[PDB]
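Data first, discussion second: the structure below is written as structure tokens.
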Amino acid sequence: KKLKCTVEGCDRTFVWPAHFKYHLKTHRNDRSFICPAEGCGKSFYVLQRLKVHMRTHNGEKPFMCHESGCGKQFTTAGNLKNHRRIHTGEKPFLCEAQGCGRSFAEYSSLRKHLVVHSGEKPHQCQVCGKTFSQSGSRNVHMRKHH
DNA sequence: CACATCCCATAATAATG
DNA sequence: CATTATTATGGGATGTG
Ligand SMILES: [Zn+2]
Ligand SMILES: [Zn+2]
Ligand SMILES: [Zn+2]
Ligand SMILES: [Zn+2]
Ligand SMILES: [Zn+2]
């Protein structure tokens with residue numbers, strides 16, 4: 001009755017043998033799929049990730065928005081699915097805070113919103129020490145330094 | 001500068017051939 | 001063994017107030 005990870009602090013259990021094999025590779029950092037483009041040298045855990053990474057070198061964007069007048073092209077279906085919400089107005093990711101009730105178009109936009117309630121500032125400036133809500137805010141303060 | 005917002009890319013999960 | 005699909009994740013870039 002195996003398929004429980006046995007590394008020291010993990011205590012996780014799996015269902016599919018391939019997902020189990022993936023998990024073990026992350027513990028070992030076993031990245032056997034290497035990008036052959038000159039000067040890149042990045043590596044990945046599975047062949048699928050290398051194939052998607054290649055689109056950063058050959059410019060393929062196979063997923064197109066069919067909104068009239070838009071025709072924008074994206075490297076993953078998931079990104080196109082997010083983009084389409086600017087034409088549909090769908091905001092399916094809802095803030096479950098007590099009195100907020102705000103919705104968002106992207107899952108990650110909700111993540112960046114939850115720090116407004118928690119009040120945390122996870123992004124730090126390595127020079128001065130100021131603390132920022134988002135990384136982009138930290139970077140425009142870095143452009144003020146240099 | 002704090003945000004929401006739209007764009008970009010990889011990690012992890014899940015299931016199938 | 002292998003491939004495919006979708007979600008989860010999070011940084012980059014920007015325009016408003
Ligand atoms: Zn583990
Ligand atoms: Zn590469
Ligand atoms: Zn569009
Ligand atoms: Zn909220
Ligand atoms: Zn600073």
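To be explicit about the labels: the chains of the structure tokens are called A, B, and onward in the order shown, and within each one the residues are counted from 1, while ligands get numbers from 1 in the order they are shown.
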Worksheet item: Looking only at the backbone, which of the residues in chain A does DSSP tag as strand (DSSP E), as a list in words?
Response: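 Answer for chain A restricted to strand (DSSP E) is residues 33, 34, 43, 44, 63, 64, 73, 74, 93, 94, 103, 104, 123, 124, 131 and 132 of chain A.
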Just write the chosen residues, C-alpha atoms, as an mmCIF file, in the first residue's frame.
```cif
data_model
loop_
_atom_site.group_PDB
_atom_site.id
_atom_site.type_symbol
_atom_site.label_atom_id
_atom_site.label_comp_id
_atom_site.auth_asym_id
_atom_site.auth_seq_id
_atom_site.Cartn_x
_atom_site.Cartn_y
_atom_site.Cartn_z
ATOM 1 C CA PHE A 33 15.067 18.147 -20.304
ATOM 2 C CA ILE A 34 17.508 20.848 -21.449
ATOM 3 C CA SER A 43 16.175 22.806 -17.881
ATOM 4 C CA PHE A 44 12.815 21.314 -16.965
ATOM 5 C CA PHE A 63 -4.074 30.487 -29.262
ATOM 6 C CA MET A 64 -5.822 33.445 -30.893
ATOM 7 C CA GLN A 73 -2.245 35.635 -29.960
ATOM 8 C CA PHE A 74 -1.045 33.849 -26.828
ATOM 9 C CA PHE A 93 -12.733 34.865 -8.613
ATOM 10 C CA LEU A 94 -14.505 36.293 -5.564
ATOM 11 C CA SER A 103 -14.622 39.873 -7.872
ATOM 12 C CA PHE A 104 -11.604 39.597 -10.164
ATOM 13 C CA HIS A 123 8.301 42.710 -1.487
ATOM 14 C CA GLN A 124 11.403 44.337 0.015
ATOM 15 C CA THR A 131 8.383 47.458 2.083
ATOM 16 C CA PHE A 132 5.923 47.330 -0.824
#
```
Worksheet item: Could you list, as a ChimeraX atom specification, every residue of chain A that has an atom within 10 Å of an atom of chain B, counting only C-alpha atoms (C1' of nucleotides)?
Response: /A:15-16,19,22-23,26,44-45,49-50,52-53,56,74-76,79,82-83,86,104-106,109-110,112-113,116,132-134,137-138,140-141
Discussion item. So the first atom is CA of residue 3 in chain A and the second is CA of residue 28 in chain A; what is the distance between them in Å, to one decimal place?
Written reply: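 Computing the Euclidean distance for CA of residue 3 in chain A and CA of residue 28 in chain A yields 17.0 Å.
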Item to complete: Dump the neighbourhood of ligand 4 as a ChimeraX atom specification: all residues within 6 Å, distances computed on only C-alpha atoms (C1' of nucleotides) and all ligand atoms.
Response: /A:95,97,100,102
With C-alpha atoms retained, could you export that selection as a tab-separated table (two decimals), in the first residue's frame?
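Below is the file out32.tsv, written as the result:
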```tsv
chain	number	residue	atom	x	y	z
A	95	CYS	CA	-12.97	37.73	-2.39
A	97	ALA	CA	-13.47	38.45	3.06
A	100	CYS	CA	-15.58	43.04	0.67
A	102	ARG	CA	-15.20	42.01	-4.78
```
Worksheet entry | Given 7 Å and only C-alpha atoms (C1' of nucleotides) and all ligand atoms, residues near ligand 3 as a PyMOL selection string | chain A and resi 65-67+70-72+83-84+87
Discussion item. Please identify all residues of chain C having at least one atom at most 8 Å from any atom of chain A, considering only C-alpha atoms (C1' of nucleotides), and return them as number ranges by chain.
Written reply: C: 6, 9-13
Discussion item. Distance limit 7 Å, reference ligand 5, atoms considered: only C-alpha atoms (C1' of nucleotides) and all ligand atoms. Which residues make the cut? Give them as a PyMOL selection string.
Written reply: chain A and resi 125-130+141-142+145
Item to complete: Going by DSSP on the backbone, which bits of chain A are alpha helix (DSSP H)? Write them as JSON, numbers by chain, please.
Response: {"A": [17, 18, 19, 20, 21, 22, 23, 24, 25, 26, 27, 28, 47, 48, 49, 50, 51, 52, 53, 54, 55, 56, 57, 58, 77, 78, 79, 80, 81, 82, 83, 85, 86, 87, 88, 107, 108, 109, 110, 111, 112, 113, 114, 115, 116, 117, 118, 135, 136, 137, 138, 139, 140, 141, 142, 143, 144, 145]}
Discussion item. Please find the residues contacting ligand 2 at a distance of at most 7 Å between atoms, with only C-alpha atoms (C1' of nucleotides) and all ligand atoms counted, and report them as a PyMOL selection string.
Written reply: chain A and resi 35-37+40-42+53-54+57
Worksheet item: Can you tell me which residues sit at most 10 Å away from ligand 1, counting only C-alpha atoms (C1' of nucleotides) and all ligand atoms, written as a list in words?
Response: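 If we count only C-alpha atoms (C1' of nucleotides) and all ligand atoms, the neighbours of ligand 1 turn out to be residues 4, 5, 6, 7, 8, 9, 10, 11, 12, 13, 14, 20, 22, 23, 24, 25, 26, 27 and 28 of chain A.
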Would you put the residues from that selection into a file with N, CA, C and O atoms, as a compact mmCIF listing (two decimals), in the first residue's frame?
```txt
# COMPACT_ATOMS: atom_id res chain seq x y z
N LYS A 4 3.06 6.82 -0.72
CA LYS A 4 3.25 7.92 0.22
C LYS A 4 4.71 8.37 0.12
O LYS A 4 5.61 7.53 0.14
N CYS A 5 4.92 9.68 0.00
CA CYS A 5 6.28 10.20 -0.02
C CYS A 5 6.93 9.98 1.34
O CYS A 5 6.32 10.24 2.38
N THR A 6 8.17 9.52 1.32
CA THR A 6 8.87 9.09 2.52
C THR A 6 10.02 10.00 2.90
O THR A 6 10.76 9.69 3.85
N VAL A 7 10.21 11.12 2.19
CA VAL A 7 11.18 12.12 2.61
C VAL A 7 10.76 12.69 3.97
O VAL A 7 9.60 12.61 4.38
N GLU A 8 11.74 13.28 4.66
CA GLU A 8 11.62 13.51 6.10
C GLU A 8 10.38 14.32 6.47
O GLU A 8 9.50 13.84 7.18
N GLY A 9 10.30 15.56 6.00
CA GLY A 9 9.22 16.43 6.41
C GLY A 9 8.01 16.47 5.50
O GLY A 9 7.16 17.35 5.69
N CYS A 10 7.89 15.56 4.54
CA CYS A 10 6.87 15.71 3.50
C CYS A 10 5.50 15.19 3.94
O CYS A 10 4.55 15.96 4.08
N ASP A 11 5.40 13.88 4.18
CA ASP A 11 4.14 13.22 4.56
C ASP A 11 3.00 13.59 3.60
O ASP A 11 1.99 14.18 3.98
N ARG A 12 3.19 13.22 2.33
CA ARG A 12 2.18 13.44 1.29
C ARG A 12 1.90 12.13 0.57
O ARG A 12 2.79 11.29 0.43
N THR A 13 0.67 11.97 0.12
CA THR A 13 0.24 10.73 -0.50
C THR A 13 -0.40 11.01 -1.85
O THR A 13 -1.06 12.04 -2.05
N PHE A 14 -0.18 10.09 -2.79
CA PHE A 14 -0.51 10.31 -4.19
C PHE A 14 -1.39 9.18 -4.71
O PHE A 14 -1.57 8.14 -4.07
N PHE A 20 3.41 10.74 -8.71
CA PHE A 20 4.36 10.40 -7.67
C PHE A 20 5.79 10.56 -8.16
O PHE A 20 6.64 11.13 -7.46
N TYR A 22 6.88 12.46 -10.53
CA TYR A 22 7.15 13.89 -10.63
C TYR A 22 7.55 14.45 -9.28
O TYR A 22 8.55 15.18 -9.16
N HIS A 23 6.79 14.12 -8.23
CA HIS A 23 7.06 14.68 -6.91
C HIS A 23 8.46 14.33 -6.44
O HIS A 23 9.16 15.19 -5.88
N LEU A 24 8.89 13.09 -6.65
CA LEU A 24 10.24 12.70 -6.25
C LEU A 24 11.29 13.53 -6.98
O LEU A 24 12.31 13.91 -6.39
N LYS A 25 11.04 13.84 -8.25
CA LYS A 25 12.02 14.60 -9.01
C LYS A 25 12.17 16.02 -8.47
O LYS A 25 13.27 16.58 -8.52
N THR A 26 11.09 16.60 -7.94
CA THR A 26 11.21 17.94 -7.37
C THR A 26 12.03 17.94 -6.09
O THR A 26 12.72 18.93 -5.81
N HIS A 27 11.97 16.86 -5.31
CA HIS A 27 12.81 16.76 -4.12
C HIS A 27 14.29 16.70 -4.49
O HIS A 27 15.14 17.23 -3.77
N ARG A 28 14.61 16.05 -5.61
CA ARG A 28 15.99 15.89 -6.05
C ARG A 28 16.44 16.97 -7.03
O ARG A 28 17.63 17.04 -7.35
```
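The space separating CA of residue 85 in chain A from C1' of residue 8 in chain C comes to 18.3 Å.
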